[PDB]
Amino acid sequence: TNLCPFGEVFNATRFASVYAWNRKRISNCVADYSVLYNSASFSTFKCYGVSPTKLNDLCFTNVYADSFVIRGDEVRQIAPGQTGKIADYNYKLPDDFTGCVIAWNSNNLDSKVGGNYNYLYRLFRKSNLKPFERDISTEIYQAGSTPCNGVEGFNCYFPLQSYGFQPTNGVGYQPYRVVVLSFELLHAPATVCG
Amino acid sequence: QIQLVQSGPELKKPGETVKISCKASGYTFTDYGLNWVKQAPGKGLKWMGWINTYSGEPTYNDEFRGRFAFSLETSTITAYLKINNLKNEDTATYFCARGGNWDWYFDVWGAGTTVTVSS
Amino acid sequence: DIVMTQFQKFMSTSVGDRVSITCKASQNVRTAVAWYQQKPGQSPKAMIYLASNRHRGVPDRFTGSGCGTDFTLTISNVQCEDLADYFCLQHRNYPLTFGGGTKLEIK
Amino acid sequence: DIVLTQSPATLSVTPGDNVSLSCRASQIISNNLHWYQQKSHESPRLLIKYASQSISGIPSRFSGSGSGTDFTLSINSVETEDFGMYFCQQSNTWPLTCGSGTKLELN
Amino acid sequence: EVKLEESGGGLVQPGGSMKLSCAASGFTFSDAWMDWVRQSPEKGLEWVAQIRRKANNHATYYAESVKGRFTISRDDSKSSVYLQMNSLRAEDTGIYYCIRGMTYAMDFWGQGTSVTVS
Ligand SMILES: *[C@@H]1O[C@H](CO)[C@@H](O[C@@H]2O[C@H](CO)[C@@H](O[C@@H]3O[C@H](CO)[C@@H](O)[C@H](O)[C@@H]3O)[C@H](O)[C@H]2NC(C)=O)[C@H](O)[C@H]1NC(C)=O
């Protein structure tokens, strides 16, 4: 009869940057997503595989909550099947996804008048990303032929290039906080329902 | 010189509107926010709510949801705090404090304006 | 050494259209190619670095992509501003080689 | 809202003594707590930022510690200048809030 | 503001020697790898030389046709990159561009300097 910590992960101060997204396990509480859907602040609320009005009467097994910060035109890639420099180098969703994707327009918080460049994002990798797999490793990515000693310079670039968030920077480039839940409904008894 | 100086102590009647000031200079005003703090006599501090110092968009502690408004004049550097429908509840000292847009600890404070209400 | 083939020398599409310039290679240049625009009388500017990323200050019509050996640069709704020549430059081995060049004129 | 109990409600110290304060939170806040001192009816000041670091100008006898839910502000070799009232205040979830405070006097 | 400008615009008889001087401004001149490209209406675009940043020993790499005739060296306190060419021939005509850093960001280019043999 204790209500879930959707209070904690939503109105938090600093969301972690997208190259290292925090994974909050939520279990053994009662959920109420009517305080999530009926609040008209969320610009994007897409649920794949569950209907959004049907979100209440569903006994889950465990509900996770990924959360990060991305720019405006790259919130389209947080969905099963797309590609780009977010969805395969930073955060990859499987193509059997059974959760919901919630967004914002947090231009009020994560945007300084100079550069609020504390939200890093990955840009280069040797391969693509697995479904639901983060990579905090900051390795000097080569691009040509030489192995370059762990030294920056020619053909050896730092992978995490940062963002830049001015308050007058354009709607497709404004910082969008994203929290994406991932449900699960099998191979366990009922834990989360309300 | 980084300091936040304000206006004087106010004496109003229940049903009036007051407007207290908070004027800052010495730093670049747009690199940080502004957090207003109400201190009752003999108690802790309640963060009234923060106002962004670039667009004038307020955000309230939802305990203080109505009757309060954080104005902002940008050229003449000032954040006002308007109080509608003054009651016997609302007598307290009212600071203003500069807590950043990324950190949120109130380092630079102000002298505080004691607003007193009685008939 | 690595030689890039760019065999389009004259390409002509009008305003608000689409045309693609392709840059064939000769060895396993993985993702390290670059695309350069040169308006006549000036220095060749920079468009695409590492075959898919985009510079700052350039419009969003310039979307180049490709991996393996054979890359391409696809422009969308080409204006009268983009009457220029487009070089493709690889950086895998140390004798860097530029492509041929492709000059553009509008109908 | 996160309530921040502090223990005890008031202390009693002598100069040359070491007493450790405590600000037990309610949730699990990951070192997002700061500590404020405030003397009689004036503007407060910072002592430690993010519960372990230190700001300029202040003495180096104000050492903060602790993480997770329990926090301790260790005052060491206290002079007459550190009479006053002490506050703790989180910064992790919204809305931000200061604590109920411990009053530090002199015997 | 960042801008680059070259020098050494002259005609030499085949077999001469002339050093090009490229000055830079307005960026961190220490950690930047600065190259030289070649533009000619016969050859198209080629590539000439390259010197790298301070963290890589100020190394050098040359094209296969200018080996042992084209020495490039920099000094970051004087804020310039100097290309020295000796034993010039007929194929080394064209316009040389001194650029900031190739095949990455900060990919600024100069304006050029023609060197032509009579
Ligand atoms: C994150 O924090 C915000 C506060 O900044 C929460 O928003 C506020 O939530 C409370 C409690 O749900 C709402 O208070 C209620 O208001 C209704 C009238 O609308 C009243 O009938 C209730 O008795 C109660 O007072 C408040 O309206 C709401 N404010 C806004 C602006 O939404 C928010 O709920 C938190 N996030 C999550 C996921 O809980």
# chains A, B, ... in the order shown; residues from 1 in each chain; ligands from 1

$ residues_near_ligand --ligand "ligand 1" --cutoff "7 Å" --atoms "only C-alpha atoms and all ligand atoms" --output "VMD selection string"
(chain A and resid 6 to 7 10 to 11 35 to 36 39) or (chain B and resid 61 to 62) or (chain D and resid 94 to 95)

$ residues_around --residues "residue 46 in chain E" --least-positions-apart "2" --cutoff "7 Å" --atoms "only C-alpha atoms" --output "ChimeraX atom specification"
/C:97-98 /E:37-39,44,48

$ closest_atom_pairs --of "chain A" --to "chain B" --cutoff "8 Å" --atoms "only C-alpha atoms" --output "Markdown table"
| residue | atom | partner | partner_atom | distance |
| --- | --- | --- | --- | --- |
| A:14 | CA | B:102 | CA | 7.7 |
| A:108 | CA | B:52 | CA | 7.2 |
| A:109 | CA | B:101 | CA | 6.3 |
| A:110 | CA | B:102 | CA | 7.3 |
| A:111 | CA | B:101 | CA | 7.8 |
| A:112 | CA | B:31 | CA | 6.2 |
| A:113 | CA | B:31 | CA | 6.3 |
| A:114 | CA | B:31 | CA | 7.5 |

$ closest_atom_pairs --of "chain D" --to "chain A" --cutoff "12 Å" --atoms "only C-alpha atoms" --output "tab-separated table"
residue	atom	partner	partner_atom	distance
D:1	CA	A:7	CA	9.3
D:2	CA	A:8	CA	10.2
D:27	CA	A:8	CA	9.1
D:28	CA	A:8	CA	10.0
D:29	CA	A:8	CA	10.2
D:30	CA	A:14	CA	11.5
D:32	CA	A:13	CA	9.9
D:90	CA	A:13	CA	10.8
D:91	CA	A:13	CA	7.3
D:92	CA	A:13	CA	5.6
D:93	CA	A:12	CA	4.6
D:94	CA	A:11	CA	5.8
D:95	CA	A:11	CA	8.4
D:96	CA	A:13	CA	9.5

$ residues_around --residues "residue 25 in chain C" --least-positions-apart "3" --cutoff "10 Å" --atoms "only C-alpha atoms" --output "ChimeraX atom specification"
/C:2-6,22,28-29,68-71,90,99

$ select_by_dssp --residues "range 33-115 of chain B" --states "strand (DSSP E or B)" --output "ChimeraX atom specification"
/B:34-39,46-51,58-60,68-70,73,78,81-83,92-98,100,108,110,113-115

$ write_last_selection --atoms "N, CA and C atoms" --output "mmCIF file, in the first residue's frame"
data_model
loop_
_atom_site.group_PDB
_atom_site.id
_atom_site.type_symbol
_atom_site.label_atom_id
_atom_site.label_comp_id
_atom_site.auth_asym_id
_atom_site.auth_seq_id
_atom_site.Cartn_x
_atom_site.Cartn_y
_atom_site.Cartn_z
ATOM 1 N N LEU B 34 17.661 32.719 -9.177
ATOM 2 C CA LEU B 34 17.361 33.424 -7.937
ATOM 3 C C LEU B 34 16.346 32.615 -7.156
ATOM 4 N N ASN B 35 16.668 32.306 -5.910
ATOM 5 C CA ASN B 35 15.810 31.520 -5.039
ATOM 6 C C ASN B 35 15.361 32.396 -3.886
ATOM 7 N N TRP B 36 14.054 32.501 -3.690
ATOM 8 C CA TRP B 36 13.485 33.293 -2.612
ATOM 9 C C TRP B 36 13.228 32.399 -1.413
ATOM 10 N N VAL B 37 13.506 32.909 -0.221
ATOM 11 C CA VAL B 37 13.493 32.109 0.996
ATOM 12 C C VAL B 37 12.683 32.850 2.047
ATOM 13 N N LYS B 38 11.675 32.187 2.601
ATOM 14 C CA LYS B 38 10.856 32.746 3.665
ATOM 15 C C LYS B 38 11.252 32.111 4.986
ATOM 16 N N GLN B 39 11.565 32.943 5.971
ATOM 17 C CA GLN B 39 11.940 32.481 7.301
ATOM 18 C C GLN B 39 10.948 33.042 8.304
ATOM 19 N N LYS B 46 11.953 27.903 4.344
ATOM 20 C CA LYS B 46 11.157 27.267 3.309
ATOM 21 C C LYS B 46 11.493 27.931 1.987
ATOM 22 N N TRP B 47 12.033 27.156 1.057
ATOM 23 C CA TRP B 47 12.360 27.645 -0.276
ATOM 24 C C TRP B 47 11.074 28.012 -0.993
ATOM 25 N N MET B 48 10.854 29.307 -1.227
ATOM 26 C CA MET B 48 9.602 29.750 -1.837
ATOM 27 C C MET B 48 9.517 29.334 -3.292
ATOM 28 N N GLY B 49 10.626 29.384 -4.002
ATOM 29 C CA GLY B 49 10.622 29.005 -5.396
ATOM 30 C C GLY B 49 11.655 29.802 -6.152
ATOM 31 N N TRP B 50 12.060 29.249 -7.280
ATOM 32 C CA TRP B 50 13.150 29.825 -8.039
ATOM 33 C C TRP B 50 12.611 30.456 -9.310
ATOM 34 N N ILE B 51 13.240 31.552 -9.724
ATOM 35 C CA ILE B 51 12.897 32.268 -10.945
ATOM 36 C C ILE B 51 14.135 32.342 -11.822
ATOM 37 N N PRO B 58 8.739 31.988 -13.787
ATOM 38 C CA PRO B 58 8.794 31.592 -12.382
ATOM 39 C C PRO B 58 8.527 30.102 -12.209
ATOM 40 N N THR B 59 8.913 29.601 -11.041
ATOM 41 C CA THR B 59 8.607 28.241 -10.627
ATOM 42 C C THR B 59 8.430 28.260 -9.123
ATOM 43 N N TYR B 60 7.291 27.783 -8.643
ATOM 44 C CA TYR B 60 6.946 27.909 -7.239
ATOM 45 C C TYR B 60 7.064 26.572 -6.526
ATOM 46 N N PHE B 68 1.328 34.430 -4.827
ATOM 47 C CA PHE B 68 2.710 34.873 -4.928
ATOM 48 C C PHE B 68 3.100 34.988 -6.391
ATOM 49 N N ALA B 69 3.938 35.966 -6.705
ATOM 50 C CA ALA B 69 4.399 36.157 -8.070
ATOM 51 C C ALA B 69 5.810 36.713 -8.042
ATOM 52 N N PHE B 70 6.682 36.155 -8.871
ATOM 53 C CA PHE B 70 8.073 36.592 -8.959
ATOM 54 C C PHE B 70 8.212 37.374 -10.256
ATOM 55 N N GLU B 73 12.573 42.373 -13.854
ATOM 56 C CA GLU B 73 12.983 43.432 -14.763
ATOM 57 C C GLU B 73 14.449 43.214 -15.099
ATOM 58 N N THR B 78 16.405 43.562 -11.094
ATOM 59 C CA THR B 78 15.501 43.493 -9.949
ATOM 60 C C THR B 78 14.596 42.273 -10.091
ATOM 61 N N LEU B 81 8.763 40.378 -5.563
ATOM 62 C CA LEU B 81 7.935 39.325 -4.980
ATOM 63 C C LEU B 81 6.628 39.953 -4.524
ATOM 64 N N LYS B 82 5.551 39.692 -5.252
ATOM 65 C CA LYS B 82 4.251 40.270 -4.949
ATOM 66 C C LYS B 82 3.478 39.294 -4.078
ATOM 67 N N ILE B 83 2.785 39.807 -3.067
ATOM 68 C CA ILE B 83 1.998 38.975 -2.162
ATOM 69 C C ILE B 83 0.565 39.485 -2.163
ATOM 70 N N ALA B 92 6.753 37.173 8.193
ATOM 71 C CA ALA B 92 8.038 36.483 8.184
ATOM 72 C C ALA B 92 9.061 37.397 7.530
ATOM 73 N N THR B 93 10.327 37.027 7.656
ATOM 74 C CA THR B 93 11.400 37.677 6.923
ATOM 75 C C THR B 93 11.572 36.984 5.582
ATOM 76 N N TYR B 94 11.953 37.749 4.561
ATOM 77 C CA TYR B 94 12.002 37.242 3.191
ATOM 78 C C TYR B 94 13.346 37.591 2.568
ATOM 79 N N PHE B 95 14.237 36.612 2.479
ATOM 80 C CA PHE B 95 15.528 36.802 1.842
ATOM 81 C C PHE B 95 15.393 36.660 0.337
ATOM 82 N N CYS B 96 16.502 36.853 -0.356
ATOM 83 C CA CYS B 96 16.662 36.383 -1.720
ATOM 84 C C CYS B 96 18.065 35.838 -1.833
ATOM 85 N N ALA B 97 18.225 34.747 -2.560
ATOM 86 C CA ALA B 97 19.508 34.072 -2.563
ATOM 87 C C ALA B 97 19.799 33.540 -3.948
ATOM 88 N N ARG B 98 21.066 33.580 -4.333
ATOM 89 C CA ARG B 98 21.469 33.236 -5.689
ATOM 90 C C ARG B 98 21.939 31.792 -5.715
ATOM 91 N N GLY B 100 22.433 28.497 -8.215
ATOM 92 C CA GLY B 100 22.743 28.444 -9.629
ATOM 93 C C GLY B 100 21.743 27.666 -10.459
ATOM 94 N N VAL B 108 25.237 33.228 -2.130
ATOM 95 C CA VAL B 108 25.125 34.671 -1.942
ATOM 96 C C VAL B 108 23.717 35.003 -1.483
ATOM 97 N N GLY B 110 20.969 37.808 1.006
ATOM 98 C CA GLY B 110 20.591 39.195 1.140
ATOM 99 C C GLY B 110 20.134 39.484 2.554
ATOM 100 N N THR B 113 13.948 41.389 4.206
ATOM 101 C CA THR B 113 12.958 42.415 4.503
ATOM 102 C C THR B 113 11.868 41.816 5.375
ATOM 103 N N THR B 114 11.799 42.248 6.624
ATOM 104 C CA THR B 114 10.759 41.757 7.509
ATOM 105 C C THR B 114 9.431 42.380 7.120
ATOM 106 N N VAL B 115 8.499 41.551 6.668
ATOM 107 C CA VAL B 115 7.129 41.960 6.380
ATOM 108 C C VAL B 115 6.290 41.606 7.598
#

$ residues_around --residues "range 50-53 of chain E" --least-positions-apart "3" --cutoff "9 Å" --atoms "only C-alpha atoms" --output "NGL selection string"
(:A and (153-154)) or (:E and (29-36 or 47 or 56-62 or 72-74 or 81))

$ atom_distance --atom1 "CA of residue 182 in chain A" --atom2 "CA of residue 70 in chain A"
18.4 Å

$ interface_residues --of "chain D" --to "chain B" --cutoff "8 Å" --atoms "only C-alpha atoms" --output "PyMOL selection string"
chain D and resi 34+42-46+49+87+91+95-101

$ residues_around --residues "residue 8 in chain E" --least-positions-apart "6" --cutoff "9 Å" --atoms "only C-alpha atoms" --output "short mmCIF file (atom, residue, chain, number, x, y, z; two decimals) with C-alpha atoms, in the first residue's frame"
data_model
loop_
_atom_site.label_atom_id
_atom_site.label_comp_id
_atom_site.auth_asym_id
_atom_site.auth_seq_id
_atom_site.Cartn_x
_atom_site.Cartn_y
_atom_site.Cartn_z
CA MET E 18 61.47 29.35 -51.87
CA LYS E 19 59.95 28.99 -48.41
CA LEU E 20 56.25 29.59 -47.82
CA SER E 21 55.22 31.28 -44.58
CA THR E 113 49.44 31.52 -52.75
CA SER E 114 50.45 30.73 -56.32
CA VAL E 115 53.93 29.46 -57.12
#

$ closest_residue --among "C:106, C:50, C:78, C:34" --to "chain A" --atoms "only C-alpha atoms"
C:50

$ interface_residues --of "chain E" --to "chain C" --cutoff "8 Å" --atoms "only C-alpha atoms" --output "PyMOL selection string"
chain E and resi 44-47+61-64+97+103-105+107-112

$ write_last_selection --atoms "N, CA and C atoms" --output "PDB file, in the first residue's frame"
ATOM      1  N   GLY E  44      44.319  18.659 -60.319  1.00  0.00           N
ATOM      2  CA  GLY E  44      43.192  18.630 -59.412  1.00  0.00           C
ATOM      3  C   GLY E  44      43.627  19.045 -58.024  1.00  0.00           C
ATOM      4  N   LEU E  45      43.143  18.355 -56.998  1.00  0.00           N
ATOM      5  CA  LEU E  45      43.639  18.565 -55.647  1.00  0.00           C
ATOM      6  C   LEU E  45      44.573  17.423 -55.281  1.00  0.00           C
ATOM      7  N   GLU E  46      45.756  17.761 -54.789  1.00  0.00           N
ATOM      8  CA  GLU E  46      46.676  16.794 -54.221  1.00  0.00           C
ATOM      9  C   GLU E  46      46.921  17.137 -52.765  1.00  0.00           C
ATOM     10  N   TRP E  47      47.904  16.478 -52.186  1.00  0.00           N
ATOM     11  CA  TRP E  47      48.303  16.750 -50.820  1.00  0.00           C
ATOM     12  C   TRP E  47      49.823  16.774 -50.733  1.00  0.00           C
ATOM     13  N   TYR E  61      55.053  13.992 -42.286  1.00  0.00           N
ATOM     14  CA  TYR E  61      54.675  13.006 -43.293  1.00  0.00           C
ATOM     15  C   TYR E  61      54.582  13.707 -44.638  1.00  0.00           C
ATOM     16  N   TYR E  62      55.127  13.085 -45.680  1.00  0.00           N
ATOM     17  CA  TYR E  62      55.229  13.699 -46.994  1.00  0.00           C
ATOM     18  C   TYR E  62      54.553  12.836 -48.046  1.00  0.00           C
ATOM     19  N   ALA E  63      54.176  13.474 -49.147  1.00  0.00           N
ATOM     20  CA  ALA E  63      53.678  12.731 -50.288  1.00  0.00           C
ATOM     21  C   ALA E  63      54.840  12.092 -51.032  1.00  0.00           C
ATOM     22  N   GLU E  64      54.516  11.104 -51.866  1.00  0.00           N
ATOM     23  CA  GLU E  64      55.539  10.301 -52.525  1.00  0.00           C
ATOM     24  C   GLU E  64      56.292  11.055 -53.610  1.00  0.00           C
ATOM     25  N   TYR E  97      47.427  25.769 -50.223  1.00  0.00           N
ATOM     26  CA  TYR E  97      46.558  26.216 -49.142  1.00  0.00           C
ATOM     27  C   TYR E  97      47.083  25.699 -47.813  1.00  0.00           C
ATOM     28  N   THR E 103      40.321  16.953 -41.878  1.00  0.00           N
ATOM     29  CA  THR E 103      39.516  15.745 -41.671  1.00  0.00           C
ATOM     30  C   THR E 103      38.990  15.621 -40.244  1.00  0.00           C
ATOM     31  N   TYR E 104      38.682  16.750 -39.627  1.00  0.00           N
ATOM     32  CA  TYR E 104      38.024  16.792 -38.326  1.00  0.00           C
ATOM     33  C   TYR E 104      37.317  18.141 -38.240  1.00  0.00           C
ATOM     34  N   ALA E 105      36.878  18.517 -37.044  1.00  0.00           N
ATOM     35  CA  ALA E 105      36.392  19.864 -36.827  1.00  0.00           C
ATOM     36  C   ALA E 105      37.566  20.834 -36.796  1.00  0.00           C
ATOM     37  N   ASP E 107      38.170  22.823 -39.141  1.00  0.00           N
ATOM     38  CA  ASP E 107      38.790  22.562 -40.438  1.00  0.00           C
ATOM     39  C   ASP E 107      38.772  23.861 -41.241  1.00  0.00           C
ATOM     40  N   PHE E 108      39.562  24.817 -40.780  1.00  0.00           N
ATOM     41  CA  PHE E 108      39.627  26.091 -41.470  1.00  0.00           C
ATOM     42  C   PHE E 108      40.684  26.040 -42.560  1.00  0.00           C
ATOM     43  N   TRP E 109      40.445  26.791 -43.628  1.00  0.00           N
ATOM     44  CA  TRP E 109      41.351  26.844 -44.761  1.00  0.00           C
ATOM     45  C   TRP E 109      41.781  28.279 -45.010  1.00  0.00           C
ATOM     46  N   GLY E 110      42.960  28.437 -45.601  1.00  0.00           N
ATOM     47  CA  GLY E 110      43.494  29.756 -45.865  1.00  0.00           C
ATOM     48  C   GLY E 110      42.883  30.415 -47.081  1.00  0.00           C
ATOM     49  N   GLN E 111      43.704  31.080 -47.884  1.00  0.00           N
ATOM     50  CA  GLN E 111      43.188  31.700 -49.095  1.00  0.00           C
ATOM     51  C   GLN E 111      44.042  31.329 -50.295  1.00  0.00           C
ATOM     52  N   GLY E 112      45.310  31.019 -50.062  1.00  0.00           N
ATOM     53  CA  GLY E 112      46.142  30.549 -51.146  1.00  0.00           C
ATOM     54  C   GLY E 112      47.327  31.422 -51.497  1.00  0.00           C
TER      55      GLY E 112
END

$ decode --residues "range 38-118 of chain A" --atoms "C-alpha atoms" --output "PDB file, in the first residue's frame"
ATOM      1  CA  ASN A  38      -3.179  13.719 -17.202  1.00  0.00           C
ATOM      2  CA  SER A  39      -0.408  16.235 -16.526  1.00  0.00           C
ATOM      3  CA  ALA A  40      -0.171  18.104 -19.825  1.00  0.00           C
ATOM      4  CA  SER A  41       3.458  19.150 -19.374  1.00  0.00           C
ATOM      5  CA  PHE A  42       4.812  16.069 -21.174  1.00  0.00           C
ATOM      6  CA  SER A  43       5.349  16.836 -24.854  1.00  0.00           C
ATOM      7  CA  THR A  44       5.734  13.174 -25.847  1.00  0.00           C
ATOM      8  CA  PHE A  45       4.050  10.175 -24.210  1.00  0.00           C
ATOM      9  CA  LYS A  46       4.251   7.108 -26.455  1.00  0.00           C
ATOM     10  CA  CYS A  47       3.610   3.603 -25.139  1.00  0.00           C
ATOM     11  CA  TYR A  48       4.607   0.619 -27.276  1.00  0.00           C
ATOM     12  CA  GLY A  49       2.794  -2.617 -26.560  1.00  0.00           C
ATOM     13  CA  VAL A  50       0.497  -1.342 -23.798  1.00  0.00           C
ATOM     14  CA  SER A  51      -2.355   1.094 -24.274  1.00  0.00           C
ATOM     15  CA  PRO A  52      -1.864   4.340 -22.309  1.00  0.00           C
ATOM     16  CA  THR A  53      -5.388   4.342 -20.884  1.00  0.00           C
ATOM     17  CA  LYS A  54      -4.903   0.696 -19.898  1.00  0.00           C
ATOM     18  CA  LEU A  55      -1.770   1.405 -17.830  1.00  0.00           C
ATOM     19  CA  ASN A  56      -3.469   0.964 -14.455  1.00  0.00           C
ATOM     20  CA  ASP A  57      -4.864  -2.581 -14.202  1.00  0.00           C
ATOM     21  CA  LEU A  58      -1.705  -4.450 -15.164  1.00  0.00           C
ATOM     22  CA  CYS A  59       0.171  -6.549 -12.612  1.00  0.00           C
ATOM     23  CA  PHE A  60       3.800  -6.306 -13.702  1.00  0.00           C
ATOM     24  CA  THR A  61       6.883  -8.180 -12.560  1.00  0.00           C
ATOM     25  CA  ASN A  62       9.414  -5.339 -12.493  1.00  0.00           C
ATOM     26  CA  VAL A  63       9.397  -1.835 -13.951  1.00  0.00           C
ATOM     27  CA  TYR A  64      12.669  -0.071 -14.736  1.00  0.00           C
ATOM     28  CA  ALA A  65      13.137   3.633 -15.409  1.00  0.00           C
ATOM     29  CA  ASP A  66      15.896   4.809 -17.737  1.00  0.00           C
ATOM     30  CA  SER A  67      16.433   8.562 -17.713  1.00  0.00           C
ATOM     31  CA  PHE A  68      18.724  10.908 -19.626  1.00  0.00           C
ATOM     32  CA  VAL A  69      18.942  14.256 -21.452  1.00  0.00           C
ATOM     33  CA  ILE A  70      18.995  14.637 -25.246  1.00  0.00           C
ATOM     34  CA  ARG A  71      18.489  17.475 -27.695  1.00  0.00           C
ATOM     35  CA  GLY A  72      15.188  18.158 -29.426  1.00  0.00           C
ATOM     36  CA  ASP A  73      15.470  16.608 -32.880  1.00  0.00           C
ATOM     37  CA  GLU A  74      17.006  13.401 -31.472  1.00  0.00           C
ATOM     38  CA  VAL A  75      14.054  12.445 -29.254  1.00  0.00           C
ATOM     39  CA  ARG A  76      12.611  10.732 -32.337  1.00  0.00           C
ATOM     40  CA  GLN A  77      15.274   8.013 -32.085  1.00  0.00           C
ATOM     41  CA  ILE A  78      14.070   6.796 -28.652  1.00  0.00           C
ATOM     42  CA  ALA A  79      11.753   4.228 -30.233  1.00  0.00           C
ATOM     43  CA  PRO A  80      12.130   0.643 -31.509  1.00  0.00           C
ATOM     44  CA  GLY A  81      13.830   0.507 -34.898  1.00  0.00           C
ATOM     45  CA  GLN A  82      15.377   3.891 -35.653  1.00  0.00           C
ATOM     46  CA  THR A  83      19.045   4.779 -35.978  1.00  0.00           C
ATOM     47  CA  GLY A  84      21.241   7.836 -35.590  1.00  0.00           C
ATOM     48  CA  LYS A  85      24.008   8.982 -33.265  1.00  0.00           C
ATOM     49  CA  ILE A  86      21.814   8.585 -30.199  1.00  0.00           C
ATOM     50  CA  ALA A  87      20.012   5.302 -30.765  1.00  0.00           C
ATOM     51  CA  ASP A  88      23.037   3.159 -31.614  1.00  0.00           C
ATOM     52  CA  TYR A  89      25.967   4.922 -29.941  1.00  0.00           C
ATOM     53  CA  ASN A  90      24.329   6.034 -26.673  1.00  0.00           C
ATOM     54  CA  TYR A  91      21.077   4.184 -25.871  1.00  0.00           C
ATOM     55  CA  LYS A  92      19.556   1.317 -27.874  1.00  0.00           C
ATOM     56  CA  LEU A  93      15.996  -0.031 -27.354  1.00  0.00           C
ATOM     57  CA  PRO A  94      15.126  -3.568 -28.477  1.00  0.00           C
ATOM     58  CA  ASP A  95      12.560  -4.237 -31.179  1.00  0.00           C
ATOM     59  CA  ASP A  96      10.229  -5.991 -28.760  1.00  0.00           C
ATOM     60  CA  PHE A  97       9.841  -2.990 -26.443  1.00  0.00           C
ATOM     61  CA  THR A  98       6.963  -3.035 -23.958  1.00  0.00           C
ATOM     62  CA  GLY A  99       7.327   0.261 -22.083  1.00  0.00           C
ATOM     63  CA  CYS A 100       6.586   3.953 -22.453  1.00  0.00           C
ATOM     64  CA  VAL A 101       8.658   6.959 -23.543  1.00  0.00           C
ATOM     65  CA  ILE A 102       8.070  10.251 -21.719  1.00  0.00           C
ATOM     66  CA  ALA A 103       9.673  13.589 -22.587  1.00  0.00           C
ATOM     67  CA  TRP A 104       9.795  17.273 -21.636  1.00  0.00           C
ATOM     68  CA  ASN A 105      10.940  20.660 -22.799  1.00  0.00           C
ATOM     69  CA  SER A 106      13.471  21.466 -20.086  1.00  0.00           C
ATOM     70  CA  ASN A 107      14.812  24.669 -21.548  1.00  0.00           C
ATOM     71  CA  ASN A 108      14.172  26.323 -18.187  1.00  0.00           C
ATOM     72  CA  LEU A 109      16.735  24.223 -16.288  1.00  0.00           C
ATOM     73  CA  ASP A 110      19.488  22.758 -18.461  1.00  0.00           C
ATOM     74  CA  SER A 111      20.350  25.893 -20.423  1.00  0.00           C
ATOM     75  CA  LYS A 112      22.816  28.576 -19.356  1.00  0.00           C
ATOM     76  CA  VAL A 113      23.275  31.796 -21.320  1.00  0.00           C
ATOM     77  CA  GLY A 114      26.843  30.843 -22.147  1.00  0.00           C
ATOM     78  CA  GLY A 115      27.398  27.136 -22.613  1.00  0.00           C
ATOM     79  CA  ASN A 116      25.800  24.606 -20.260  1.00  0.00           C
ATOM     80  CA  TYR A 117      27.922  21.857 -21.755  1.00  0.00           C
ATOM     81  CA  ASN A 118      27.854  19.402 -18.838  1.00  0.00           C
TER      82      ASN A 118
END
